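Heads up, the thing below is written out as structure tokens.
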Amino acid sequence: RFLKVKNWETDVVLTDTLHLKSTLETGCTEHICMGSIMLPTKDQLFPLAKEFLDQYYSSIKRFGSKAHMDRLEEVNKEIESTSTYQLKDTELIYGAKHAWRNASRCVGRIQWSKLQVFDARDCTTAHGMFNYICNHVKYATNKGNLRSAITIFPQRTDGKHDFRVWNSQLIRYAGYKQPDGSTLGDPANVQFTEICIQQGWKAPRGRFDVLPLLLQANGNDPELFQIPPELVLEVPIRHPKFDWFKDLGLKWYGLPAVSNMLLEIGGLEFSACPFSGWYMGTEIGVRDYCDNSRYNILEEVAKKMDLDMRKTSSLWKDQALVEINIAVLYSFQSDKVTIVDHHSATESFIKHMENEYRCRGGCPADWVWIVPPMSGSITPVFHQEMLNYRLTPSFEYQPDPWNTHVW
Amino acid sequence: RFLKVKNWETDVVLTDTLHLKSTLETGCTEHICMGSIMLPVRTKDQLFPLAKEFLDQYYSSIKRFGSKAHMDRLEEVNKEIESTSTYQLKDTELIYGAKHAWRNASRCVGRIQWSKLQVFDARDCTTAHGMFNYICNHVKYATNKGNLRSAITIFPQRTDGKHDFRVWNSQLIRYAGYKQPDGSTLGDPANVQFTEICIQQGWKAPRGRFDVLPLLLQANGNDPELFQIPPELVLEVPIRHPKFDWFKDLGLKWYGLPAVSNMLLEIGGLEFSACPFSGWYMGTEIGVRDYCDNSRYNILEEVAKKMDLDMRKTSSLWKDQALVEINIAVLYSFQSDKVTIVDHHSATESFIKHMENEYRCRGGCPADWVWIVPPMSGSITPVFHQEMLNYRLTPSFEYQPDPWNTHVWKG
Ligand code: HEM
Ligand code: HEM
Ligand SMILES: Cc1cc(N)nc(C[C@@H]2CNC[C@@H]2OCCN[C@H](C)Cc2cccc(F)c2)c1
Ligand SMILES: Cc1cc(N)nc(C[C@@H]2CNC[C@@H]2OCCN[C@H](C)Cc2cccc(F)c2)c1
Ligand SMILES: C[C@H](O)[C@H](O)[C@H]1CNc2nc(N)[nH]c(=O)c2N1
Ligand SMILES: C[C@H](O)[C@H](O)[C@H]1CNc2nc(N)[nH]c(=O)c2N1
Ligand SMILES: [Zn+2]
């Protein structure tokens, strides 16, 4: 019932007790591990609210105090009469910070307590949503000196009036299928780009076209808005040694901003809660640029490097991979846009895990996601045992609304 | 029931039914995943069912399930168990069993090869000297002058657990490690404890950076004995780089034959506590782990120094750069000397084809993603993008505790 995790590089053993507080299910059983699988009423609501408020009052060293008991009663009364309840601002901020703290797939959680929460629960329209999101984008970007932020739209009610951002991230590039049979731009965004056009968007029809926002307020049909281009900070990619690298015509955006998740706090569900931090360089250089089903640029780069592409054992892909990632980091750094390399980020996470173990009795972590997609074992996280379990408040994946919405 | 796995690169979806034959536990539960934890005498009572389940699988594989030969073998084994409290495997069942423990090894990326395995039956062995001779022959056969052949040598099974055969070495061939009084390590820091034991047992240590360790062998629960593998049987590769002429002067080499000797082979409930097996290396094991782990040879700095990389900040990716060059050198060196090796691209691509085939012909292929994904360039291999299901099938290879921790010294 008390569990040990060992770091095999340092021999340091940590004891996890925080898992016993875990409630939700992993997908694994005693017979089968699903560690590598990507997607593994008033009666229900009060236990959830109470569990949350208890941990909140505990956190402010007021557990079992009159103010604690009184807020539990107030929330109980409100659930009983209205079928739901409203979080206090203090509770919302606390909840949002803890959802991040609990995100077992996030390597950047050393930062979890520095999160600017924008309360958008008074929002009623998609134009209103657009305004809130522009303000988030501008605040978070901060002229390249990025600041972590979340904007929280109104909570789910009957489920027929959901707020949703249809984009998977606030800022992404369009993808287009060609008569050629090839894909122009980001192949990940083909379906979404089509939905945008089908709603009226006029695609510039290039390789790096920032997508419009498709915002759904109050369960209405979603509406298109272009983010002011001056608010979208992008970085041209060049290499510190390779003159020709700029000729590839590569750029990326500075602000990673996930907009498709569901924030659960005290049993309440926030279906539109875009949040943003700053990039670890491998997400762009390894995944966005080099996944075969993404921009898939390895071949092009390897050729400009004049590497021997005849055999896999020359490690031409691996050489080109490093150079691409060097460029990404150099480019952001030169343009003073916050980025973190995978060495620095994973070192920080180990330090964070140690803090969490001593101050909280553990840190839920998903090794499969935490270990970077390149150079795994030369980062300290590769050698660190991690226990994965689900705590609330939480961010959860939710299905694309276009499958769910009725027009 | 059916469980689906998806490949996020191809959208190919597979369906697992094989997991229903899994009995043993993972370490995980509905509330916790222990996917990244490295380590998450039987009664007649437990033994006959284990035997029966194995014999049922063996007879099905030969298309003789329910035959008289099947039924007679069940009765024979049953009678053997009730009378002697154990039983002996037929040679055919042993071979089948060892091949299947490999097929079932969820952490092994090389399983496309599983049905090609030379099995050396060493169940008539009685002494450490005899173990030494069997292991020499395995090494020579498997090495085959650089054209490596997969092999396993199987010593007598456990009886009362007081008479175990054990190879004390974790691999048949490994280099010594020596802690210096100033706290530095000479040779392989992973082998310091075992080297100290060897020296205590009477080994005269050369005290260099790549001293092949002697074998320490335990027969029939007796105190283990030291033997030096004839050096002419130990194939080694000096590591050089195709473009970098200074790489040779780092003085690196490695041995050609990876031969795991510390695992326990379970077949039909019988336990083979000494079952050394070997195949050939995937390059990254040497170039990434053995050379570049901080707790192993740890060569990254010196390599990057010699490459004149900017080492003042991690974001130059100097470590990543040196890492690729080192792994180029290992592959180049093995290939140039005609010693079998496989790169991580080829091995992972072969594993995906193996896995798809296993799903089609067998109903699944248990795989441990944490181990299958190579320790460099992860997502540029197809396994990174492949969902996997991890579960335990028997026959199996299991980790066992190091024998120096458990051994009753007779003196
Ligand atoms: C401040 C800098 C941050 C860094 C460097 C960082 C790093 C990362 C990385 C590398 C991933 C894996 C992403 C992927 O491979 O798709 C991730 C996942 C995630 N992070 Fe962070 N993070 C940061 C901030 C944040 C913030 C501000 C939040 C929420 C408030 C957050 C919550 C999450 C969640 C929920 C996931 C899993 C996303 C999913 O399932 O797709 N992170 N983080
Ligand atoms: C034929 C060429 C082979 C290749 C390229 C190969 C590749 C590998 C690699 C890279 C690993 C992970 C090793 C590590 O990181 O420590 C591994 C693990 C393993 N393999 Fe293989 N393998 C091969 C043959 C074999 C054979 C012949 C057997 C047994 C008959 C075997 C059984 C195992 C087992 C039991 C593990 C897990 C070891 C442990 O838990 O320490 N493999 N394989
Ligand atoms: C099937 C599926 C499940 C799931 N939980 N997430 C995804 C999204 C998949 C998972 N990795 C690729 C894709 O996400 C891209 C989003 N990554 C962002 C930019 C991470 C990030 C980084 C820094 C700061 C942040 F705030 C957020 C897909
Ligand atoms: C705590 C622990 C548990 C466990 N199950 N194995 C280990 C052994 C750990 C796991 N990775 C580092 C150390 O293995 C070194 C052995 N690797 C061999 C060479 C694999 C191999 C490769 C090719 C062909 C083969 F037959 C065998 C440690
Ligand atoms: C199938 C496998 O789970 C999948 O490819 C995962 C592996 N690890 C990952 N890790 C991160 N950080 N992001 C990802 O998208 C993935 N994809
Ligand atoms: C903590 C973690 O489980 C451990 O470092 C694992 C990760 N993956 C691995 N994968 C392989 N092939 N070999 C290993 O030794 C390890 N070590
Ligand atoms: Zn699991």
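Simple scheme: letters A, B, ... for chains in structure tokens order, numbers from 1 for residues in each chain, numbers from 1 for ligands in the order shown.
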Notebook entry, point to check: What do you get as a PyMOL selection string if you pick all residues at most 9 Å from ligand 1, counting only C-alpha atoms and all ligand atoms?
Noted result: chain A and resi 38+96-112+114-117+146-150+256-258+260-261+263+274-283+287+339-342+345+369-373+394-397
Proximity of chain B to ligand 5: per-residue shortest pair, 7 Å limit, only C-alpha atoms and all ligand atoms, as a tab-separated table:
```
residue	atom	partner	partner_atom_place_in_ligand_line	distance
B:7	CA	ligand 5	1 (C)	6.6
B:8	CA	ligand 5	5 (O)	6.3
B:384	CA	ligand 5	5 (O)	5.0
B:385	CA	ligand 5	5 (O)	3.6
B:386	CA	ligand 5	1 (C)	4.5
B:387	CA	ligand 5	1 (C)	3.9
```
8 Å contacts from chain A to chain B using only C-alpha atoms, as a PyMOL selection string:
chain A and resi 5-6+9+19+22-38+286-287+290-293+312-315+317-319+321-322+326+329-330+341+343-344+367-368+372-378+385-390
Could the residues of chain A that have an atom at most 6 Å from ligand 6 be listed as CSV, each with its closest atom pair and the distance in Å to one decimal, counting only C-alpha atoms and all ligand atoms and ordered by chain and ascending residue number?
```
residue,atom,partner,partner_atom_place_in_ligand_line,distance
A:382,CA,ligand 6,5 (O),5.0
A:383,CA,ligand 6,5 (O),3.7
A:384,CA,ligand 6,1 (C),4.4
A:385,CA,ligand 6,1 (C),3.9
```
Could you take the residues named above and write them with N, CA, C and O atoms, as a PDB file, in the first residue's frame?
```pdb
ATOM      1  N   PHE A 382      14.703   9.229 -17.927  1.00  0.00           N
ATOM      2  CA  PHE A 382      14.739   7.857 -18.441  1.00  0.00           C
ATOM      3  C   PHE A 382      15.017   6.854 -17.311  1.00  0.00           C
ATOM      4  O   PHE A 382      14.480   5.719 -17.291  1.00  0.00           O
ATOM      5  N   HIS A 383      15.861   7.278 -16.375  1.00  0.00           N
ATOM      6  CA  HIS A 383      16.362   6.387 -15.309  1.00  0.00           C
ATOM      7  C   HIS A 383      15.500   6.448 -14.050  1.00  0.00           C
ATOM      8  O   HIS A 383      15.736   5.731 -13.086  1.00  0.00           O
ATOM      9  N   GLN A 384      14.477   7.291 -14.090  1.00  0.00           N
ATOM     10  CA  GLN A 384      13.610   7.516 -12.949  1.00  0.00           C
ATOM     11  C   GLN A 384      12.327   6.697 -13.068  1.00  0.00           C
ATOM     12  O   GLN A 384      11.504   6.956 -13.961  1.00  0.00           O
ATOM     13  N   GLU A 385      12.118   5.788 -12.133  1.00  0.00           N
ATOM     14  CA  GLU A 385      10.823   5.111 -11.977  1.00  0.00           C
ATOM     15  C   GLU A 385       9.773   6.143 -11.597  1.00  0.00           C
ATOM     16  O   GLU A 385      10.063   7.090 -10.846  1.00  0.00           O
TER      17      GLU A 385
END
```
query = Skipping near chain neighbours, those fewer than 6 positions away, what residues fall within 10 Å of residue 175 of chain B using only C-alpha atoms, listed as a PyMOL selection string?
reply = chain B and resi 187-192+195+208-214+254-255
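All residues of protein, DNA or RNA that reach within 10 Å of residue 334 of chain A, judged by only C-alpha atoms and not counting those fewer than 2 positions away in the chain, are residues 235, 238, 240, 329, 330, 331, 332, 336 and 337 of chain A.
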Any chance you can output those residues with N, CA, C and O atoms as an mmCIF file, in the first residue's frame?
```cif
data_model
loop_
_atom_site.group_PDB
_atom_site.id
_atom_site.type_symbol
_atom_site.label_atom_id
_atom_site.label_comp_id
_atom_site.auth_asym_id
_atom_site.auth_seq_id
_atom_site.Cartn_x
_atom_site.Cartn_y
_atom_site.Cartn_z
ATOM 1 N N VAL A 235 8.372 32.318 -35.199
ATOM 2 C CA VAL A 235 9.837 32.305 -35.292
ATOM 3 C C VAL A 235 10.346 31.658 -36.601
ATOM 4 O O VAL A 235 10.130 30.459 -36.816
ATOM 5 N N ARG A 238 16.402 29.140 -38.327
ATOM 6 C CA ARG A 238 17.727 29.090 -38.940
ATOM 7 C C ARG A 238 18.702 28.277 -38.074
ATOM 8 O O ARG A 238 18.393 27.937 -36.928
ATOM 9 N N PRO A 240 22.717 27.789 -36.420
ATOM 10 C CA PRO A 240 23.928 28.602 -36.127
ATOM 11 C C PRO A 240 25.140 28.313 -37.021
ATOM 12 O O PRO A 240 26.035 29.153 -37.116
ATOM 13 N N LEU A 329 16.040 25.469 -31.208
ATOM 14 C CA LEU A 329 16.468 26.138 -29.980
ATOM 15 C C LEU A 329 17.175 27.461 -30.301
ATOM 16 O O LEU A 329 16.777 28.492 -29.786
ATOM 17 N N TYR A 330 18.175 27.433 -31.200
ATOM 18 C CA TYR A 330 18.922 28.644 -31.609
ATOM 19 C C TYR A 330 18.009 29.787 -32.075
ATOM 20 O O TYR A 330 18.227 30.942 -31.722
ATOM 21 N N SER A 331 16.986 29.441 -32.851
ATOM 22 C CA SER A 331 16.082 30.404 -33.454
ATOM 23 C C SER A 331 15.208 31.114 -32.430
ATOM 24 O O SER A 331 15.079 32.344 -32.466
ATOM 25 N N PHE A 332 14.599 30.340 -31.534
ATOM 26 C CA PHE A 332 13.836 30.920 -30.436
ATOM 27 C C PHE A 332 14.731 31.780 -29.542
ATOM 28 O O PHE A 332 14.375 32.902 -29.192
ATOM 29 N N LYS A 336 14.671 35.812 -28.733
ATOM 30 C CA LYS A 336 14.253 36.055 -27.347
ATOM 31 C C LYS A 336 12.829 35.603 -27.062
ATOM 32 O O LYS A 336 12.037 36.316 -26.455
ATOM 33 N N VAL A 337 12.512 34.398 -27.512
ATOM 34 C CA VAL A 337 11.221 33.811 -27.254
ATOM 35 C C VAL A 337 11.510 32.621 -26.347
ATOM 36 O O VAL A 337 12.328 31.761 -26.680
#
```
List all protein, DNA and RNA residues that have at least one atom no more than 9 Å from any atom of ligand 2, counting only C-alpha atoms and all ligand atoms, and write them as a CSV table (one decimal) with C-alpha atoms, in the first residue's frame.
```csv
chain,number,residue,atom,x,y,z
B,38,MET,CA,11.9,-2.1,-13.3
B,98,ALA,CA,12.8,-22.2,-24.5
B,99,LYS,CA,11.7,-20.8,-27.9
B,100,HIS,CA,8.4,-19.7,-26.3
B,101,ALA,CA,10.0,-18.0,-23.3
B,102,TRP,CA,11.8,-15.9,-25.8
B,103,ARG,CA,8.6,-15.3,-28.0
B,104,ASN,CA,6.8,-14.2,-24.7
B,105,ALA,CA,9.6,-11.8,-23.6
B,106,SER,CA,7.7,-8.5,-23.7
B,107,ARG,CA,10.9,-6.4,-23.3
B,108,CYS,CA,12.7,-8.0,-26.2
B,109,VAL,CA,12.7,-6.0,-29.5
B,110,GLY,CA,14.5,-8.9,-31.4
B,111,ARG,CA,11.7,-11.4,-31.2
B,112,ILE,CA,11.2,-11.7,-35.0
B,113,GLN,CA,14.1,-14.2,-34.6
B,114,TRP,CA,12.4,-16.3,-31.8
B,116,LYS,CA,15.6,-19.6,-34.7
B,117,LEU,CA,17.3,-20.5,-31.4
B,118,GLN,CA,19.9,-23.3,-30.9
B,119,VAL,CA,19.1,-25.0,-27.6
B,148,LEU,CA,26.4,-14.7,-34.5
B,149,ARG,CA,23.9,-17.4,-33.9
B,150,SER,CA,21.2,-17.2,-31.2
B,151,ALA,CA,21.6,-19.9,-28.5
B,152,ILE,CA,20.6,-21.0,-25.0
B,258,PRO,CA,25.6,-10.3,-25.6
B,259,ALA,CA,24.8,-13.3,-23.4
B,260,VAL,CA,22.4,-12.9,-20.5
B,262,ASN,CA,21.2,-14.3,-14.6
B,263,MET,CA,17.6,-15.0,-15.6
B,265,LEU,CA,13.5,-19.8,-17.3
B,276,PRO,CA,22.5,-18.4,-20.3
B,277,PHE,CA,21.2,-17.2,-23.6
B,278,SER,CA,22.7,-15.0,-26.3
B,279,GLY,CA,21.8,-13.3,-29.6
B,280,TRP,CA,23.4,-10.2,-31.1
B,281,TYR,CA,23.5,-6.6,-30.2
B,282,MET,CA,21.4,-3.7,-31.2
B,283,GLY,CA,23.9,-0.8,-31.5
B,284,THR,CA,22.3,1.5,-29.0
B,285,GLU,CA,22.8,-0.9,-26.1
B,289,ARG,CA,23.7,2.8,-22.5
B,341,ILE,CA,24.9,-6.1,-35.2
B,342,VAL,CA,21.6,-4.4,-35.9
B,343,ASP,CA,20.8,-0.7,-35.9
B,344,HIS,CA,17.8,0.6,-34.0
B,347,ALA,CA,15.5,-3.6,-35.5
B,371,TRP,CA,11.8,-1.1,-23.0
B,372,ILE,CA,11.0,-1.6,-26.7
B,373,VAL,CA,11.5,2.1,-27.6
B,374,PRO,CA,15.3,2.7,-28.1
B,375,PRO,CA,17.2,5.0,-25.7
B,396,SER,CA,8.9,-17.0,-19.5
B,397,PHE,CA,12.2,-15.5,-18.6
B,398,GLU,CA,12.2,-13.9,-15.1
B,399,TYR,CA,14.6,-11.7,-13.2
```
- Message: Please extract the residues of segment 160-356 of chain B with a backbone DSSP assignment of strand (DSSP E or B) and present them as an MDAnalysis selection string.
- Response: chainID B and resid 166:167 171 175 177:179 185:187 212 215:218 225:227 236:238 253:255 259:260 263:267 270:272 277:278 281:282 341:342
- Query: Leaving out residue 339 of chain B and any residue of its chain fewer than 4 positions from it, which residues lie within 9 Å of it when counting only C-alpha atoms, given as a VMD selection string?
  - Reply: chain B and resid 143 145 to 148 235 237 256 280 333 to 335
Save the residues we just selected, N, CA, C and O atoms, as a compact mmCIF listing (two decimals), in the first residue's frame?
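And here is the file that came out, out_25.txt:
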```
# COMPACT_ATOMS: atom_id res chain seq x y z
N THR B 143 29.22 -17.40 -31.21
CA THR B 143 30.11 -16.43 -31.81
C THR B 143 30.32 -16.73 -33.29
O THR B 143 30.20 -15.81 -34.12
N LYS B 145 32.77 -17.06 -35.29
CA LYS B 145 33.71 -16.08 -35.89
C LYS B 145 33.09 -14.73 -36.32
O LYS B 145 33.55 -14.12 -37.28
N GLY B 146 32.04 -14.29 -35.64
CA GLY B 146 31.45 -12.97 -35.94
C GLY B 146 30.08 -13.08 -36.58
O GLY B 146 29.32 -12.11 -36.56
N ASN B 147 29.78 -14.23 -37.18
CA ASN B 147 28.47 -14.50 -37.75
C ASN B 147 27.55 -15.10 -36.66
O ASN B 147 27.30 -16.32 -36.60
N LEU B 148 27.04 -14.22 -35.79
CA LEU B 148 26.44 -14.67 -34.53
C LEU B 148 25.18 -15.49 -34.70
O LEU B 148 24.36 -15.20 -35.57
N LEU B 235 35.39 -12.75 -28.63
CA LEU B 235 35.52 -11.88 -29.78
C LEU B 235 35.24 -10.46 -29.32
O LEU B 235 34.24 -10.20 -28.65
N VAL B 237 35.62 -6.07 -30.47
CA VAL B 237 35.68 -5.11 -31.57
C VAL B 237 36.24 -3.77 -31.06
O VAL B 237 35.60 -3.12 -30.20
N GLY B 256 31.60 -8.87 -28.71
CA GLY B 256 30.58 -9.07 -29.73
C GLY B 256 29.33 -9.80 -29.26
O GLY B 256 28.29 -9.61 -29.84
N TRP B 280 22.48 -11.23 -30.69
CA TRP B 280 23.45 -10.24 -31.14
C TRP B 280 22.96 -8.86 -30.71
O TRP B 280 21.78 -8.68 -30.40
N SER B 333 32.10 -0.06 -36.68
CA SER B 333 33.18 -0.90 -36.20
C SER B 333 32.79 -2.36 -36.29
O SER B 333 33.56 -3.17 -36.81
N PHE B 334 31.58 -2.68 -35.82
CA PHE B 334 31.06 -4.03 -35.88
C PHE B 334 30.97 -4.50 -37.34
O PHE B 334 31.48 -5.57 -37.69
N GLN B 335 30.32 -3.68 -38.16
CA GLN B 335 30.17 -3.97 -39.59
C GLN B 335 31.50 -4.18 -40.30
O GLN B 335 31.62 -5.14 -41.06
```
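Of note, atom CA of residue 395 of chain B and atom CA of residue 269 of chain B are spaced 8.5 Å apart.
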Exercise. Identify, on the basis of only C-alpha atoms, every residue whose closest approach to segment 134-139 of chain A does not exceed 8 Å; exclude the query and any residue fewer than 2 positions from it along the same chain; express the result as a PyMOL selection string.
Key: chain A and resi 118+130-132+141-142+147+149-151+227-228+231-232+255
Let me see the file: selected residues, N, CA and C atoms, as a short mmCIF file (atom, residue, chain, number, x, y, z; two decimals), in the first residue's frame.
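In the end it all went to again12.cif:
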```
data_model
loop_
_atom_site.label_atom_id
_atom_site.label_comp_id
_atom_site.auth_asym_id
_atom_site.auth_seq_id
_atom_site.Cartn_x
_atom_site.Cartn_y
_atom_site.Cartn_z
N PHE A 118 -7.30 33.43 -15.81
CA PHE A 118 -8.27 34.42 -16.28
C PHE A 118 -9.69 33.86 -16.15
N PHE A 130 -13.81 35.16 -28.16
CA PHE A 130 -12.72 35.69 -28.97
C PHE A 130 -11.93 36.76 -28.22
N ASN A 131 -12.63 37.74 -27.66
CA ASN A 131 -11.99 38.79 -26.87
C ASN A 131 -11.11 38.26 -25.72
N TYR A 132 -11.66 37.34 -24.93
CA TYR A 132 -10.96 36.75 -23.81
C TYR A 132 -9.67 36.04 -24.29
N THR A 141 1.98 35.70 -24.32
CA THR A 141 3.09 35.94 -25.25
C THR A 141 4.07 36.99 -24.70
N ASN A 142 3.55 38.15 -24.27
CA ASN A 142 4.34 39.12 -23.50
C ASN A 142 5.63 39.47 -24.27
N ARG A 147 4.47 33.75 -20.42
CA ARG A 147 3.96 33.63 -19.06
C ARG A 147 2.84 32.61 -19.11
N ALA A 149 -0.60 30.78 -18.53
CA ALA A 149 -1.95 31.31 -18.35
C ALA A 149 -3.02 30.27 -18.65
N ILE A 150 -4.16 30.39 -18.00
CA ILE A 150 -5.36 29.65 -18.40
C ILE A 150 -6.55 30.62 -18.38
N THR A 151 -7.45 30.45 -19.34
CA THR A 151 -8.69 31.21 -19.40
C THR A 151 -9.82 30.19 -19.23
N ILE A 227 -7.34 35.55 -35.29
CA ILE A 227 -6.47 36.22 -34.32
C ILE A 227 -5.65 37.32 -35.01
N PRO A 228 -5.62 38.51 -34.42
CA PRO A 228 -4.81 39.57 -35.01
C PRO A 228 -3.38 39.08 -35.24
N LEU A 231 -0.69 39.63 -32.89
CA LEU A 231 -0.67 38.91 -31.61
C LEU A 231 -0.08 37.50 -31.74
N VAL A 232 0.14 37.05 -32.97
CA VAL A 232 0.70 35.70 -33.17
C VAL A 232 2.20 35.83 -33.42
N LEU A 255 3.84 30.36 -29.05
CA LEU A 255 2.93 30.07 -27.95
C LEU A 255 2.21 28.71 -28.05
#
```
Please extract the residues of segment 80-329 of chain B with a backbone DSSP assignment of alpha helix (DSSP H) and present them as an NGL selection string. :B and (80-84 or 91-103 or 128-143 or 192-200 or 283-284 or 291-292 or 300-306 or 318-329)
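For the choices A:200, A:187, A:267, A:249, the atom-to-atom distance to residue 45 of chain A is smallest for A:267 when using only C-alpha atoms.
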Residues within 9 Å of residue 51 of chain B, only C-alpha atoms, excluding chain neighbours under 5 positions, as a VMD selection string: chain B and resid 56 74 77 to 78 87 267 to 270
note - atom CA of residue 92 of chain B and atom CA of residue 65 of chain B are separated by 15.4 Å
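One finds atom CA of residue 407 of chain A at 27.1 Å from atom 15 (C, counted along the ligand's line) of ligand 3.
Using only C-alpha atoms and all ligand atoms, the nearest neighbour of ligand 4 within the list B:401, B:161, B:97, B:287 is B:401.
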